[PDB]
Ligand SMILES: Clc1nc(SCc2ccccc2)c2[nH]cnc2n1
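The chain below stands alone and is given as structure tokens, in the form solved without 6-benzylthio-2-chloropurine.
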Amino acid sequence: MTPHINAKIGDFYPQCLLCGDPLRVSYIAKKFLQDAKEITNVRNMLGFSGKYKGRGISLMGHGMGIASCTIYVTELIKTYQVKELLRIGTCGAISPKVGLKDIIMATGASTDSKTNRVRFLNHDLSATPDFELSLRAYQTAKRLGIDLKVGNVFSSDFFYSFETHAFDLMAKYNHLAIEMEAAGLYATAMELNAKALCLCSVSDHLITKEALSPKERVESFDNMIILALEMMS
């Protein structure tokens, strides 16, 4: 149907889970979904539709960078009628409020992209999640004894940043971690009146140079895929 998804009109559940990594897309389908079927794979970017504890969920990969995410989020919304889009991934912590393992809920995604200025009269679009997915996230985490942590992220166009001198100022302004797609997600979902949210797990801490060795990696991660699949039940 779409230039980047050849799934079938209705193959998606109205509530989709999102990663940049199509590998962890399937990792969630395998380890977490019953009735798991692969619905899309153009450019090897994969999505799945299954059921989590009797309730049907879709999964979908969005690649890396705001433009990439914008392409897939736009198509999930305008063609496949997706309505709620949760995004989950890792991030680089920059705030002394976050330690590794932590899960961040992004109540706002700042950015160095020009996309929002192109979208929004060259003014300052404050790209924000949808509210009633956010309180769902805080209630389900307290429900779970997860100390969900809430603040802004900075969505950058640069994985290898040319402005590492500025992280302290970003963290000063309640940016807990840096990721690369939430601003495009939040903005696209704003443009199209859909509901979106983004969570991230602190894998690396860019200030304390600390990191998670591959052990607790796909164990810290999993502790928030259920977070997401829970919230979404």
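Superpose the two forms; the largest set of C-alphas matching within 1.5 Å is the rigid core. Only residues modelled in both forms are compared. Each residue number is its position in the shown sequence, starting from 1.
This next part talks about the form deposited with 6-benzylthio-2-chloropurine bound, which is not shown.
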| item | value |
| --- | --- |
| Stretch in contact, per heavy atom within 4.5 angstroms of 6-benzylthio-2-chloropurine in the deposited complex, of 200-208, 26-34, 46-54, 186-194 | 200-208 |
| Close approach of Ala171 to 6-benzylthio-2-chloropurine in the deposited complex, 4.5 Å, heavy atom | no |
| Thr90: touches 6-benzylthio-2-chloropurine in the deposited complex, heavy atom cutoff 4.5 angstroms | yes |
| Heavy atom of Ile39 within 4.5 Å of 6-benzylthio-2-chloropurine in the deposited complex | no |
| 4.5 angstroms heavy atom contact with 6-benzylthio-2-chloropurine in the deposited complex for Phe158 | yes |
| Neighbours of 6-benzylthio-2-chloropurine in the deposited complex among 168-194 [non-hydrogen atom within 4.5 angstroms] | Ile178, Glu179, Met180 |
| Consecutive-residue runs (3+) with Cα displacement of 2 Å or more between the shown form and the other one, core aligned | 210-220 |
